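Single-structure report; data block below.
When we count neighbours, we look across all protein chains shown, and the Cβ atoms used for this are built from the backbone with ideal geometry, even at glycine. Derivation of every value follows stated rules applied to the coordinates shown; laboratory data play no part.
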Amino acid sequence: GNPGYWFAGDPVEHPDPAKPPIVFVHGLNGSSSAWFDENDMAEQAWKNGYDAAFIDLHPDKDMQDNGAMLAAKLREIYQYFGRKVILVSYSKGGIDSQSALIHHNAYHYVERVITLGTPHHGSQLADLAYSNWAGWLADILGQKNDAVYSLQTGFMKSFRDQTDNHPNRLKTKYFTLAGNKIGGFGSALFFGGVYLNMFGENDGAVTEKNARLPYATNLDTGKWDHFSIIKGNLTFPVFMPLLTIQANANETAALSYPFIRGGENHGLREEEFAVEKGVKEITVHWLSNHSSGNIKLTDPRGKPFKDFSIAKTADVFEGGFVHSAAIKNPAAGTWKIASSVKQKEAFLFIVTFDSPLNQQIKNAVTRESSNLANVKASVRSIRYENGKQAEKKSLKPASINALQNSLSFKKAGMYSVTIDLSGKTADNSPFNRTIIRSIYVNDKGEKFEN
């Protein structure tokens, strides 16, 4: 779009004081066109007697720059309509919205805020994008910018801390909508969905728990994915009562691990991975900057599998491709993925596991005793300062007892820590998992991790 630009939708013949105008706020890497492309949201607002306005904010800037701009334009929108407006904000737009109201005093112009699939607690996919293994892919996709950076869960934990108890927070009512539908096998939100399934219910880009605010009316999750949640015909009738109702705050009712690798491939790249005994399912993903690579997955017996679907990546990983597969009851042992390319590729290889081993992993990394044997942990980390990489580290494998000591977070900045775990299960089969931690450390040395 054109950051700063806004326009009014068709005028309602008879406006109603009971119906404030709606300002529609797009999300990450978007513009006001999100409300019109294969979408009837403007028509939904108009036909239901609502005046509306649509704004272009920065597709690639943080909630501070977007909050300052939105706050400045909300003054013009308020002057144009002659009254307080409602914000209907999608994805990162819900965060820019809060920043505008709380940190840029836009609450004067706004009656209420409704957020649709907003990662108020951050995006685990943004944590992934900023992690060591994702380095090569994130670079050529150009997915590292101030907006994606501000979506890391560590950064959002700190934003939550600075926002939720700010005096301006109480001056506006909040409503949140979240989806629980992921992308179908072969579609753009399949990878995001199965990745986020390791954390919980999600819409392919944001988890239901991370789409909520503690003092908001958190509406029960709907059957929307991250793309369908903004379709006018689907959600305008759903949030239409939320445009006027006086509601109270409510809470919604209450972890698996992947295996991850990344790098560059100029021809043939093979990555081995252990699949322990008793795995119900594995999802296997090869993310690349191009779609023409030949993917071959070989089982422990050498039997190949080439039944991979191809899909574009979305949101945080917009601009790339993903080859995916789902294997029911995979044979235990060493599997191997192979990518054969004619053109240079940066890749991110991810395996998710549906396995009872998750409980044991959680026990081994926490204080608890586990039935896991010969456990090793190798640490790879990146520390960022003001959106730029400041320091990158790699540490040789060591035992779990040494893992806590090796992890220092004294310096201010955004940290991404990749912990690669290996060892044996109780039935002697090797296993492998990769844990990604997102930590923000402020000027006082206070650590923020979700």
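A few comments on the model shown:
- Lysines whose Cα lies under 22 Å from that of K388, excluding same-chain neighbours fewer than 8 positions away: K61, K92, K144, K157, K410, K411, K444, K447
- Sparsely packed loop sites in region 32-133 (the GluC sites (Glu not before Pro) outside DSSP H, G, I, E and B with at most 15 other Cβ atoms within 10 Å) comprise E38.
- Listed from fewest to most Cβ neighbours within 10 Å, the set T217, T298, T352 follows the order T298, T217, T352.
- Each peptide in 78-88, 302-312 was scored by the mean count of other Cβ atoms within 10 Å over its residues; highest first, the order is 78-88, 302-312.
- Relative compactness, region 256-354, computed as alpha-carbon Rg over 2.2 N^0.38 Å: 1.03
- In order along region 237-250, the Karplus-derived 3J(HN,Hα) couplings, from 6.51 cos²θ - 1.76 cosθ + 1.60 at θ = phi - 60°, round to x, 6, 8, 3, x, 6, 6, 10, 4, 9, 10, 8, 5, 8 Hz, and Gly and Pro are given as x.
- Put simply, the convex hull of the Cα atoms in the chain casts, on average, a shadow of 21.3 nm².
- Taking other C-beta atoms within 10 Å as the exposure proxy, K376, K181 rank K376, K181 from fewest upward.
- Cα-based radius of gyration of region 356-450 once divided by 2.2 N^0.38 Å, which approximates compact folds: 1.19
- Alpha-carbon Debye profile of region 149-257, log10 I(q)/I(0) at 0.22 Å⁻¹: -1.30
- Rounded to the nearest 20 debye, the dipole size of region 370-450 about its Cα centre is 220 debye, using +1 on the Cβ of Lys and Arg and -1 on the Cβ of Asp and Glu.
- Calculated log₁₀ intensity ratio I(q)/I(0) where the Debye formula runs over C-alpha points of region 6-122, q = 0.10, 0.16, 0.17, 0.22 Å⁻¹: -0.25, -0.66, -0.74, -1.24
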